[PDB]
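**Student:** Structure below; questions to follow.
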Amino acid sequence: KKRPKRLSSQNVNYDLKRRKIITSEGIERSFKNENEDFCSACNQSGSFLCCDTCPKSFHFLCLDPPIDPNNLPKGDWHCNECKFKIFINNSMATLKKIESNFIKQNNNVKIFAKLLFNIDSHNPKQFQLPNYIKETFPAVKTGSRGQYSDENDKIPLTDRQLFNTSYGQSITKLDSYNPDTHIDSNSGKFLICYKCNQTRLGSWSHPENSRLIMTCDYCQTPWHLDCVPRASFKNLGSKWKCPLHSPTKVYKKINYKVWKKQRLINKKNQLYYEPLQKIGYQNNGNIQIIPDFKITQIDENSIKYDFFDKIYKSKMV
Amino acid sequence: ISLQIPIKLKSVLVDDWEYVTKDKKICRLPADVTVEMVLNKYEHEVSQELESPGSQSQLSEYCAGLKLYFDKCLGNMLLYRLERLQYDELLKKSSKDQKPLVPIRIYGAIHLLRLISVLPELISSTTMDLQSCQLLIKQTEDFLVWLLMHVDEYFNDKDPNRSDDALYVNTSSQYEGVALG
Amino acid sequence: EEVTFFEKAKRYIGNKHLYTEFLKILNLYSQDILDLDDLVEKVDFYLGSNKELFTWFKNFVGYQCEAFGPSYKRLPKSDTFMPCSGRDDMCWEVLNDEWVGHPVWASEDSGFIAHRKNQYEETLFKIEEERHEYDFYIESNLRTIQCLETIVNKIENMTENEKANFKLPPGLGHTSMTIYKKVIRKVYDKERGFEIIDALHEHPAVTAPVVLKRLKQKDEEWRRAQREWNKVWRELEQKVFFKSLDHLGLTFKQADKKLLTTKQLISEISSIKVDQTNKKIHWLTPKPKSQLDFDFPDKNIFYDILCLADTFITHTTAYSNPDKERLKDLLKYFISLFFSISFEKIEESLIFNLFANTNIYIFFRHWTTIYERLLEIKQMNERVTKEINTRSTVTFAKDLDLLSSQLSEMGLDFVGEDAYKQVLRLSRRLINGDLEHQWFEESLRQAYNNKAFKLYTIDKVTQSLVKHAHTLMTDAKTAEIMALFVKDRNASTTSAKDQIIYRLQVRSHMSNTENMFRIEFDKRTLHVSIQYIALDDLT
Amino acid sequence: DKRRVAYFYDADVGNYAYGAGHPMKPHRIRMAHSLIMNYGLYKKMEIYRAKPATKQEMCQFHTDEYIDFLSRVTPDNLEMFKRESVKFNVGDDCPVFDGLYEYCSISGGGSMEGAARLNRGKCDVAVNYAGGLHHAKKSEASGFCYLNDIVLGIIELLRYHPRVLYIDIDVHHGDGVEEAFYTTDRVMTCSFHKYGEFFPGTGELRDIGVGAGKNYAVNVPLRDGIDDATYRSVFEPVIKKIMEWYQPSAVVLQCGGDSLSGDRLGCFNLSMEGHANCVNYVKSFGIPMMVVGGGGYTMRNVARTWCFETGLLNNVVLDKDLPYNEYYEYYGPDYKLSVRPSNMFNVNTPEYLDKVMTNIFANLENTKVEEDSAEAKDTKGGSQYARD
Ligand SMILES: [Zn+2]
């Protein structure tokens with residue numbers, strides 16, 4: 001029988017708040033009488049500075065002169081192309097031929113002089129990859145704030161699924177009986193784990209015998225959480241790569257070689273195929289199985305042949 | 001106006017984007033090879049390779065223009081927001097050292113590749129003669145193939161987690177805090 | 001068998017994409033890129049289960065560095081150089097300056113999710129802050145009172161000449177310098193707080209008495225407010241805390257409804273079937289005939305469940321009286337025949353092979369679930385009975401009345417009586433529909449210390465069992481199956497020669513889409529076994 | 001057997017609150033001390049009050065500017081203090097409160113005072129409930145932790161002991177201590193916590209250290225709802241193997257109610273008996289022990305379980321009867337010294353714990369101003385009137 005009416009008192013009301021007691025009862029007589037909030041130079045958030053006559057707002061570090069909050073300049077702060085527009089070279093000394101005599105003064109640098117002239121008439125900004133670079137690799141895409149995101153990165157979960165997903169069903173599925181994770185909706189069959197050939201769904205009378213399973217983000221291969229060394233599921237961050245695919249980077253100490261893959265090429269003319277030799281090609285990986293960046297149409301016979309040849313070569317040592 | 005880039009340096013640029021934005025790895029600015037010696041070696045090699053029919057003057061003009069453009073463009077369209085604070089540290093150090101610091105003495109060729117990649121967006125954004133456009137894009141092609149012939153000694157894949165020199169260093173928590181804050 | 005190893009691996013893998021990835025891994029080892037350790041780690045997940053193939057691979061290949069985990073990337077030596085004033089040589093030699101961890105790298109720029117708590121647990125946390133802020137302010141005030149009381153005691157034996165000049169540094173002659181600043185900041189205004197703490201610091205013995213009086217009356221009113229709030233806090237937390245401790249039981253009222261259905265039990269037995277068949281196909285051609293076995297160590301539980309069913313017969317109104325009577329006699333006689341109980345000897349009711357359809361299987365699964373729930377109740381009953389029988393209530397809370405007497409008023413307490421019999425009567429009145437369900441929920445929460453979470457829907461599972469047993473007689477196929485079970489059961493040595501005719505006659509009796517369940521029952525040790533042979537004989 | 005125990009409690013450590021609706025609460029330590037006094041444990045114990053740490057007495061792990069910021073930080077002038085508020089990561093996840101410098105100084109002083117009392121040999125078990133912060137990095141604040149006083153205690157122990165072992169038993173494990181002792185050989189870090197979309201996100205089965213600290217970091221990821229029996233099975237054999245191989249000279253234990261059944265951001269299902277029998281087991285070895293408390297977002301259960309660890313460290317068995325104190329209204333309706341375990345699912349399977357144990361064994365078979373330095377100076381503090 002909670003009573004927040006009379007037992008709530010008057011000096012201290014509902015907490016995480018205050019009341020008029022600290023102001024009305026505080027007499028001491030002992031002394032006896034245009035701007036933007038998107039930072040259109042790196043498309044991120046943080047501490048902001050803005051110009052009086054310019055709607056563009058930048059970051060403290062996203063400027064050609066790097067300044068800090070502890071020693072910010074006094075008075076008006078006013079932009080680089082704003083220096084070119086609201087100040088000199090556009091208000092007085094009108095732009096008639098200043099570009100040309102900039103070459104005439106800077107000792108015939110004309111092939112880069114117009115770019116150097118346009119440098120001052122341009123906002124300082126973070127690096128952005130061009131469109132024609134990005135369309136070359138279809139597996140990568142731009143993030144929300146402008147970050148790298150290949151196929152290795154999982155899509156962010158929606159806020160509806162992230163927070164309001166009821167109480168019994170958790171995102172990591174660590175509580176209560178959850179038989180829907182063991183049955184795929186593609187065919188209605190049971191997800192057989194790769195290591196142990198058991199779904200291990202268990203029973204409702206004995207929930208403790210249930211073993212958690214997860215599908216792969218690439219080949220949809222089921223895997224138990226106890227077979228692979230792993231505590232809980234993978235829901236935020238990169239996509240859960242099962243330990244059965246080609247790693248992006250391997251280490252072979254010899255100092256060492258990284259071989260950070262080649263992250264695939266679109267179906268345009270850059271993707272070139274030429275199968276010629278199956279034994280001793282030395283193609284350093286980057287193959288595909290069939291029934292510049294050079295890739296070969298390798299098959300089961302060629303891989304098995306060269307693997308046997310290498311292991312018969314190395315068994316003297 | 002169109003410019004093409006060989007796929008090795010495109011992959012290098014994409015790996016740079018992944019290292020900075022995703023892996024949070026800034027380039028090792030105290031490096032062995034910088035932009036100035038890159039262009040110096042390019043000039044020397046393509047000078048001793050071919051004859052001298054008068055192309056050495058435009059060679060020197062192109063390399064000087066590239067050096068000046070990299071000097072005055074480095075903090076304008078290059079330099080990811082993560083690396084802005086790193087730029088701030090050495091600019092403050094040069095202010096304390098009473099010396100003028102220009103990019104080409106400490107910055108590596110990856111930022112030059114970034115500038116090459118973003119070149120067409122300012123080539124299309126400025127009013128300039130077509131013959132000079134073709135000359136610029138051509139000299140860009142020779143610089144690109146020369147960098148392709150020397151990609152192993154200049155862009156070697158190394159992990160900073162176990163090697164002293166990898167043309168890349170891992171970012172600290174505090175560095176990331178100031179950079180993204 | 002080197003020329004047959006790749007074919008064996010192809011048959012074992014099955015999926016084509018996984019085989020292509022295995023070929024890529026083998027080629028990566030082949031082009032002097034992958035060393036022996038990485039290959040062995042790959043085959044640990046590839047062919048780890050196949051012990052013979054793995055041993056052959058290890059013998060044939062010849063298998064006889066740092067870990068560098070995903071976190072703690074190595075920092076450059078540039079970030080190492082800082083003054084490090086408080087570090088001596090041993091401190092440099094134990095501490096690594098180039099390894100730093102950041103949880104955002106662990107999150108891969110995606111953040112982290114916290115464990116969601118039930119609304120009872122959320123309001124328990126809310127009331128935790130309600131109780132925290134009050135007494136935190138209160139005892140900070142008492143610390144200030146003891147400080148100013150020491151000051152006043154030093155004042156009381158000194159004269160006006162040193163009263164005028166009593167300059168003190170920040171801290172008021174104590175080890176702390178910020179508690180008093182905080183409390184006089186909280187009591188007064190923000191701008192007036194600075195001036196009052198300033199005057200306090202530089203001119204004591206004139207503003208200190210009135211400040212002490214104000215803080216003392218603030219203490220009195222804060223303690224009165226806390227004592228007023230304590231009763232509301234206690235009566236709210238008495239029903240909030242035990243409901244907060246229940247995590248699976250809060251959703252049990254819907255989880256039991258969603259999970260104790262036909263399709264879920266069929267899925268959970270077919271999963272065990274395919275698990276056993278795949279494991280034996282991997283290991284050995286013969287297949288065991290036992291799966292999902294239940295133990296029957298107690299006999300009185302059947303009579304208790306019969307009592308619950310009998311209570312359900314006299315409560316519902318959706319059935320006819322002859323229907324209710326026939327269902328009750330059938331429900332009793334099913335136990336009287338299947339478990340070889342000659343007669344039900346209860347007085348307080350207030351090998352053999354069985355082939356059955358899916359309705360009988362769901363009905364028997366419901367019975368086994370209720371049986372196991374009551375086993376969980378009874379097995380710890382001898383401990384909870386002495387727990388509530390020896391419930392040593394503290395006498396100090398008896399003096400000023402803080403014990404939870406919410407269930408003691410209407411008689412839901414378990415003191416002075418066996419817990420299992422009281423739970424049986426509670427289930428009877430819960431089926432009767434005059435128990436105010438959430439009060440029974442709370443009683444089960446603080447009766448067996450939240451461990452009795454499976455008996456929350458005893459009326460629901462009893463209703464489901466009654467509805468499933470209603471289909472045993474209305475359905476012509478199920479009734480004929482029951483009658484042919486009457487003809488089959490004779491308590492005579494006729495095994496291994498009559499059950500084949502039973503199987504053939506029920507295969508001809510049922511349809512293709514109907515499921516069959518071989519429920520094997522043993523008289524000795526009261527053991528049961530259910531075997532899933534779905535579509536193993538019509539092929 | 002019988003062992004003298006030193007208790008370090010400060011009357012000012014509970015007077016600072018992090019903020020409204022905050023998980024971390026230093027107020028629980030004061031009622032833990034009140035329950036200790038009310039149980040009559042002062043007759044078989046000696047208790048001192050540790051002095052607050054100074055500026056350079058706080059610098060044996062962290063950088064100078066971090067301590068300078070932590071000393072000069074104040075919620076009033078937080079508006080212009082923004083450049084290094086995100087750096088050290090203060091104010092975003094760990095808000096600034098009044099008395100932050102005093103709280104850090106008190107916690108650190110208690111930590112190294114317990115370490116020095118262990119080193120000198122007057123006491124065998126050191127208990128410092130005033131500070132058990134373990135999430136603080138070299139120049140970063142996380143988990144509402146600002147000073148990693150446990151690292152200071154470990155190095156103070158290393159000033160006299162050759163080997164120091166750190167044991168963490170609560171969720172939100174100490175990544176700062178492992179970062180401090182990732183490459184050293186004479187310090188071994190052992191921790192028990194949950195993994196998978198968790199706030200630290202650090203600590204792998206492969207995370208065993210690098211360089212000379214290879215195979216010297218023990219990390220045991222767990223799951224939701226681990227009860228007392230499986231926690232016993234995951235604690236006792238691996239702890240016995242750690243003592244039989246590493247053979248430490250001192251043990252630093254981070255007790256706390258974060259891993260209890262009831263917690264805010266916690267995920268475990270440990271009762272008071274499950275959380276305390278592990279402490280009894282590690283105490284049964286007889287080697288010196290340092291006990292710190294820096295975990296637990298709940299308060300009514302944390303006070304009771306800390307009283308229970310204090311009682312079993314006094315080699316007595318506490319009764320279930322709970323005497324009256326001035327925070328008697330916090331406890332549950334039963335009003336007994338009993339942290340009731342919840343009924344949530346035990347998804348911690350035995351075979352996963354077995355595999356973790358096997359790979360941990362395979363890792364550990366390879367194991368086979370400064371004027372007031374060295375601490376050893378505390379106020380007596382024998383006149384405590386916390387008994388009610
Ligand atoms: Zn924690």
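Naming works like this for the structure tokens: A, B, ... for the chains as they're shown, residue 1 at the start of each chain, ligands 1 onward in shown order.
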What are the residues of chain A lining chain D at 6 Å or less? Count only C-alpha atoms, and put the answer as a list in words.
**Tutor:**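 Residues satisfying the distance criterion: residues 16, 175, 226, 231 and 232 of chain A.
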**Student:** Would you mind exporting the chosen residues as a short mmCIF file (atom, residue, chain, number, x, y, z; two decimals), in the first residue's frame, restricted to N, CA, C and O atoms?
**Tutor:**
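Ended up saving to out17.cif:
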data_model
loop_
_atom_site.label_atom_id
_atom_site.label_comp_id
_atom_site.auth_asym_id
_atom_site.auth_seq_id
_atom_site.Cartn_x
_atom_site.Cartn_y
_atom_site.Cartn_z
N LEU A 16 16.01 12.73 -7.36
CA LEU A 16 16.64 13.17 -8.61
C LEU A 16 16.08 14.52 -9.07
O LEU A 16 15.94 14.76 -10.27
N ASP A 175 18.78 -16.44 -22.06
CA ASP A 175 17.78 -16.81 -21.07
C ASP A 175 16.56 -17.43 -21.75
O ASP A 175 16.26 -17.13 -22.91
N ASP A 226 29.54 -23.99 -27.52
CA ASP A 226 30.51 -24.72 -26.72
C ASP A 226 31.60 -25.39 -27.54
O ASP A 226 32.69 -25.63 -27.02
N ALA A 231 31.94 -17.25 -25.76
CA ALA A 231 31.05 -17.15 -24.61
C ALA A 231 29.61 -16.88 -25.03
O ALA A 231 28.71 -17.66 -24.73
N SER A 232 29.38 -15.76 -25.72
CA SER A 232 28.03 -15.38 -26.12
C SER A 232 27.96 -15.08 -27.61
O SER A 232 28.94 -15.25 -28.33
#
**Student:** Select residues of chain C: the criterion is any atom within 7 Å of an atom of chain D, counting only C-alpha atoms; output as a ChimeraX atom specification.
**Tutor:** /C:66-69,71,84-87,91,94-96,99-100,103,106-107,112-115,129,136,140,178-179,230,238,245-248,394,396,403-404,450-451
**Student:** Since we have the selection now, will you write its residues out, keeping C-alpha atoms, as a PDB file, in the first residue's frame?
**Tutor:**
ATOM      1  CA  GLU C  66      52.926 -15.067 -29.738  1.00  0.00           C
ATOM      2  CA  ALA C  67      49.164 -15.227 -29.275  1.00  0.00           C
ATOM      3  CA  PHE C  68      48.531 -11.568 -30.258  1.00  0.00           C
ATOM      4  CA  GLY C  69      44.887 -11.457 -29.240  1.00  0.00           C
ATOM      5  CA  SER C  71      42.489  -6.565 -28.079  1.00  0.00           C
ATOM      6  CA  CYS C  84      56.458   9.570 -15.286  1.00  0.00           C
ATOM      7  CA  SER C  85      57.385  11.390 -12.084  1.00  0.00           C
ATOM      8  CA  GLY C  86      56.140   8.749  -9.650  1.00  0.00           C
ATOM      9  CA  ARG C  87      57.883   5.805 -11.330  1.00  0.00           C
ATOM     10  CA  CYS C  91      57.991   0.422 -11.756  1.00  0.00           C
ATOM     11  CA  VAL C  94      56.905  -4.120 -14.381  1.00  0.00           C
ATOM     12  CA  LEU C  95      54.621  -1.752 -16.333  1.00  0.00           C
ATOM     13  CA  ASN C  96      54.174  -1.893 -20.108  1.00  0.00           C
ATOM     14  CA  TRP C  99      49.700  -1.628 -24.633  1.00  0.00           C
ATOM     15  CA  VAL C 100      46.360   0.149 -24.122  1.00  0.00           C
ATOM     16  CA  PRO C 103      36.133  -0.799 -25.227  1.00  0.00           C
ATOM     17  CA  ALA C 106      36.080  -4.164 -28.641  1.00  0.00           C
ATOM     18  CA  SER C 107      32.617  -2.957 -29.691  1.00  0.00           C
ATOM     19  CA  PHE C 112      27.363  -2.345 -25.988  1.00  0.00           C
ATOM     20  CA  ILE C 113      23.967  -3.529 -24.751  1.00  0.00           C
ATOM     21  CA  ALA C 114      23.086  -3.953 -21.079  1.00  0.00           C
ATOM     22  CA  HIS C 115      21.029  -6.719 -19.505  1.00  0.00           C
ATOM     23  CA  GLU C 129      18.142   5.515  -5.429  1.00  0.00           C
ATOM     24  CA  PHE C 136      23.258   9.985   1.973  1.00  0.00           C
ATOM     25  CA  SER C 140      26.659  13.872   5.214  1.00  0.00           C
ATOM     26  CA  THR C 178      34.835  19.025   0.459  1.00  0.00           C
ATOM     27  CA  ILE C 179      32.029  17.337   2.445  1.00  0.00           C
ATOM     28  CA  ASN C 230      10.430   4.152   5.065  1.00  0.00           C
ATOM     29  CA  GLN C 238       7.728  -6.374   0.015  1.00  0.00           C
ATOM     30  CA  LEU C 245      13.959 -11.968  -8.266  1.00  0.00           C
ATOM     31  CA  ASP C 246      11.693 -13.988 -10.589  1.00  0.00           C
ATOM     32  CA  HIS C 247      13.135 -13.761 -14.113  1.00  0.00           C
ATOM     33  CA  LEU C 248      11.938 -16.873 -15.959  1.00  0.00           C
ATOM     34  CA  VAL C 394      14.445 -11.408  14.364  1.00  0.00           C
ATOM     35  CA  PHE C 396      13.975  -6.306  16.783  1.00  0.00           C
ATOM     36  CA  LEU C 403       8.042  -8.156   8.830  1.00  0.00           C
ATOM     37  CA  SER C 404       6.154  -8.994   5.633  1.00  0.00           C
ATOM     38  CA  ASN C 450      11.685 -18.512  -6.151  1.00  0.00           C
ATOM     39  CA  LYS C 451      12.670 -22.107  -7.015  1.00  0.00           C
TER      40      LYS C 451
END
**Student:** What does the structure give for the distance between atom CA of residue 167 of chain D and atom CA of residue 337 of chain D, in Å to one decimal?
**Tutor:**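 Spanning atom CA of residue 167 of chain D to atom CA of residue 337 of chain D is a straight-line distance of 25.1 Å.
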**Student:** Please tabulate, as a Markdown table, the residues of chain B that come within 6 Å of chain A, each with its closest pair of atoms and the distance in Å to one decimal, counting only C-alpha atoms and ordering rows by chain, then residue number upward.
**Tutor:**
| residue | atom | partner | partner_atom | distance |
| --- | --- | --- | --- | --- |
| B:18 | CA | A:148 | CA | 5.3 |
| B:21 | CA | A:147 | CA | 5.1 |
| B:22 | CA | A:148 | CA | 5.7 |
| B:65 | CA | A:112 | CA | 5.4 |
| B:75 | CA | A:64 | CA | 5.3 |
| B:76 | CA | A:124 | CA | 3.9 |
| B:77 | CA | A:125 | CA | 5.2 |
| B:78 | CA | A:127 | CA | 4.3 |
| B:79 | CA | A:127 | CA | 5.4 |
| B:80 | CA | A:126 | CA | 4.5 |
| B:81 | CA | A:126 | CA | 5.5 |
| B:84 | CA | A:61 | CA | 5.7 |
| B:88 | CA | A:66 | CA | 5.6 |
| B:157 | CA | A:258 | CA | 5.8 |
| B:181 | CA | A:46 | CA | 5.2 |
**Student:** Export N, CA, C and O atoms of the chosen residues as a PDB file, in the first residue's frame?
**Tutor:**
ATOM      1  N   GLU B  18      40.319   1.873 -44.335  1.00  0.00           N
ATOM      2  CA  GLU B  18      39.974   0.896 -43.307  1.00  0.00           C
ATOM      3  C   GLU B  18      40.836   1.075 -42.062  1.00  0.00           C
ATOM      4  O   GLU B  18      40.323   1.054 -40.937  1.00  0.00           O
ATOM      5  N   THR B  21      39.611   4.765 -40.383  1.00  0.00           N
ATOM      6  CA  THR B  21      38.257   4.851 -39.846  1.00  0.00           C
ATOM      7  C   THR B  21      37.866   3.615 -39.040  1.00  0.00           C
ATOM      8  O   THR B  21      37.277   3.742 -37.961  1.00  0.00           O
ATOM      9  N   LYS B  22      38.175   2.416 -39.536  1.00  0.00           N
ATOM     10  CA  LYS B  22      37.708   1.191 -38.892  1.00  0.00           C
ATOM     11  C   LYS B  22      38.721   0.658 -37.882  1.00  0.00           C
ATOM     12  O   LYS B  22      38.403   0.501 -36.699  1.00  0.00           O
ATOM     13  N   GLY B  65      55.371  21.792 -58.822  1.00  0.00           N
ATOM     14  CA  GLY B  65      53.965  22.075 -58.606  1.00  0.00           C
ATOM     15  C   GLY B  65      53.302  21.063 -57.694  1.00  0.00           C
ATOM     16  O   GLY B  65      52.476  21.423 -56.853  1.00  0.00           O
ATOM     17  N   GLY B  75      46.250  20.011 -45.318  1.00  0.00           N
ATOM     18  CA  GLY B  75      45.264  20.191 -44.271  1.00  0.00           C
ATOM     19  C   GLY B  75      43.933  20.712 -44.770  1.00  0.00           C
ATOM     20  O   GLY B  75      43.131  21.232 -43.988  1.00  0.00           O
ATOM     21  N   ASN B  76      43.683  20.577 -46.072  1.00  0.00           N
ATOM     22  CA  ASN B  76      42.470  21.093 -46.694  1.00  0.00           C
ATOM     23  C   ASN B  76      41.512  19.981 -47.102  1.00  0.00           C
ATOM     24  O   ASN B  76      40.329  20.025 -46.753  1.00  0.00           O
ATOM     25  N   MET B  77      41.993  18.975 -47.837  1.00  0.00           N
ATOM     26  CA  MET B  77      41.144  17.901 -48.334  1.00  0.00           C
ATOM     27  C   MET B  77      41.669  16.510 -48.017  1.00  0.00           C
ATOM     28  O   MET B  77      40.943  15.534 -48.219  1.00  0.00           O
ATOM     29  N   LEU B  78      42.906  16.399 -47.551  1.00  0.00           N
ATOM     30  CA  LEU B  78      43.459  15.172 -46.999  1.00  0.00           C
ATOM     31  C   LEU B  78      43.203  15.179 -45.491  1.00  0.00           C
ATOM     32  O   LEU B  78      42.320  15.902 -45.019  1.00  0.00           O
ATOM     33  N   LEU B  79      43.933  14.354 -44.731  1.00  0.00           N
ATOM     34  CA  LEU B  79      43.957  14.458 -43.272  1.00  0.00           C
ATOM     35  C   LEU B  79      42.611  14.203 -42.602  1.00  0.00           C
ATOM     36  O   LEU B  79      41.919  15.147 -42.208  1.00  0.00           O
ATOM     37  N   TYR B  80      42.214  12.927 -42.542  1.00  0.00           N
ATOM     38  CA  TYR B  80      41.071  12.446 -41.767  1.00  0.00           C
ATOM     39  C   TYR B  80      40.986  13.081 -40.382  1.00  0.00           C
ATOM     40  O   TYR B  80      42.011  13.447 -39.795  1.00  0.00           O
ATOM     41  N   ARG B  81      39.760  13.205 -39.856  1.00  0.00           N
ATOM     42  CA  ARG B  81      39.537  13.851 -38.563  1.00  0.00           C
ATOM     43  C   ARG B  81      40.315  13.177 -37.436  1.00  0.00           C
ATOM     44  O   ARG B  81      40.650  13.829 -36.440  1.00  0.00           O
ATOM     45  N   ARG B  84      43.860  14.771 -37.548  1.00  0.00           N
ATOM     46  CA  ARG B  84      43.959  16.216 -37.354  1.00  0.00           C
ATOM     47  C   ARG B  84      44.699  16.552 -36.065  1.00  0.00           C
ATOM     48  O   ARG B  84      45.517  17.479 -36.032  1.00  0.00           O
ATOM     49  N   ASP B  88      48.154  18.480 -35.302  1.00  0.00           N
ATOM     50  CA  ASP B  88      48.253  19.526 -34.288  1.00  0.00           C
ATOM     51  C   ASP B  88      49.490  19.354 -33.410  1.00  0.00           C
ATOM     52  O   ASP B  88      50.142  20.345 -33.060  1.00  0.00           O
ATOM     53  N   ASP B 157      53.136  -4.196 -46.756  1.00  0.00           N
ATOM     54  CA  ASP B 157      52.123  -4.514 -45.755  1.00  0.00           C
ATOM     55  C   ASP B 157      52.810  -5.031 -44.498  1.00  0.00           C
ATOM     56  O   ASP B 157      53.409  -6.112 -44.507  1.00  0.00           O
ATOM     57  N   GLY B 181      36.448  13.777 -30.049  1.00  0.00           N
ATOM     58  CA  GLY B 181      35.774  14.682 -29.138  1.00  0.00           C
ATOM     59  C   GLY B 181      35.911  16.141 -29.531  1.00  0.00           C
ATOM     60  O   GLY B 181      34.924  16.801 -29.855  1.00  0.00           O
TER      61      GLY B 181
END
**Student:** So that I can see what lies close to segment 240-254 of chain D, please list as a ChimeraX atom specification the residues with an atom at most 8 Å from it, counting only C-alpha atoms and leaving out residues fewer than 6 positions away in the same chain.
**Tutor:** /D:132,150,154,157,161-170,188,287-295,361,364-365,367-368
**Student:** Please identify all protein, DNA and RNA residues within 6 Å of ligand 1, counting only C-alpha atoms and all ligand atoms, and report them as number ranges by chain.
**Tutor:** D: 171-172, 258, 295
**Student:** Would you list the contacts of residue 514 of chain C as a list in words, taking every protein, DNA or RNA residue within 10 Å and counting only C-alpha atoms, but skipping same-chain residues closer than 4 positions in sequence?
**Tutor:**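 Contacts, with the query itself left out: residues 356, 357, 358, 359, 507, 510, 534 and 535 of chain C.
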**Student:** How would the residues just chosen look if you wrote them out with C-alpha atoms as a PDB file, in the first residue's frame?
**Tutor:**
ATOM      1  CA  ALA C 356      -0.081 -44.114 -29.905  1.00  0.00           C
ATOM      2  CA  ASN C 357      -0.926 -41.111 -32.064  1.00  0.00           C
ATOM      3  CA  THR C 358       0.224 -37.517 -31.548  1.00  0.00           C
ATOM      4  CA  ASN C 359      -2.640 -36.508 -29.224  1.00  0.00           C
ATOM      5  CA  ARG C 507      -0.147 -48.636 -39.374  1.00  0.00           C
ATOM      6  CA  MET C 510      -3.925 -44.589 -38.940  1.00  0.00           C
ATOM      7  CA  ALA C 534       8.049 -41.407 -37.439  1.00  0.00           C
ATOM      8  CA  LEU C 535       7.787 -42.697 -41.033  1.00  0.00           C
TER       9      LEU C 535
END
**Student:** Select from chain A every residue with an atom at most 6 Å from any atom of chain C, then for each give the shortest pair of atoms and their distance in Å to one decimal, using only C-alpha atoms, rows by chain and rising number, as a tab-separated table.
**Tutor:**
residue	atom	partner	partner_atom	distance
A:2	CA	C:232	CA	4.9
A:7	CA	C:228	CA	5.4
A:9	CA	C:225	CA	5.6
A:22	CA	C:188	CA	5.1
A:23	CA	C:189	CA	5.9
A:26	CA	C:188	CA	5.3
A:30	CA	C:207	CA	5.1
A:195	CA	C:49	CA	5.9
A:197	CA	C:278	CA	5.8
A:198	CA	C:275	CA	4.4
A:203	CA	C:268	CA	5.9
A:205	CA	C:369	CA	5.7
A:236	CA	C:110	CA	5.7
A:237	CA	C:108	CA	4.8
A:245	CA	C:21	CA	5.3
A:284	CA	C:31	CA	5.9
A:285	CA	C:28	CA	5.7
A:303	CA	C:27	CA	5.6
A:307	CA	C:30	CA	4.8
A:310	CA	C:30	CA	6.0
**Student:** Sorted by chain and rising residue number, list the residues of chain B at most 12 Å from chain C (counting only C-alpha atoms), each with its closest atom pair and distance in Å to one decimal, as CSV.
**Tutor:**
residue,atom,partner,partner_atom,distance
B:21,CA,C:109,CA,9.7
B:22,CA,C:108,CA,7.6
B:23,CA,C:105,CA,7.9
B:24,CA,C:105,CA,8.3
B:25,CA,C:73,CA,10.0
B:26,CA,C:76,CA,10.7
B:27,CA,C:76,CA,10.9
B:28,CA,C:76,CA,8.8
B:29,CA,C:78,CA,10.7
B:30,CA,C:78,CA,9.5
B:86,CA,C:78,CA,11.4
B:89,CA,C:78,CA,11.5
B:90,CA,C:78,CA,11.9
B:159,CA,C:74,CA,9.7
B:160,CA,C:74,CA,6.9
B:161,CA,C:74,CA,4.7
B:162,CA,C:74,CA,7.3
B:163,CA,C:74,CA,9.3
B:164,CA,C:76,CA,7.9
B:165,CA,C:76,CA,9.6
B:166,CA,C:76,CA,10.5
B:167,CA,C:76,CA,11.2
B:168,CA,C:76,CA,9.1
B:169,CA,C:76,CA,5.8
B:170,CA,C:75,CA,5.5
B:171,CA,C:75,CA,6.9
B:172,CA,C:100,CA,6.6
B:173,CA,C:102,CA,5.7
B:174,CA,C:102,CA,9.2
B:175,CA,C:79,CA,9.5
B:176,CA,C:102,CA,9.4
B:177,CA,C:102,CA,10.0
B:180,CA,C:104,CA,11.8
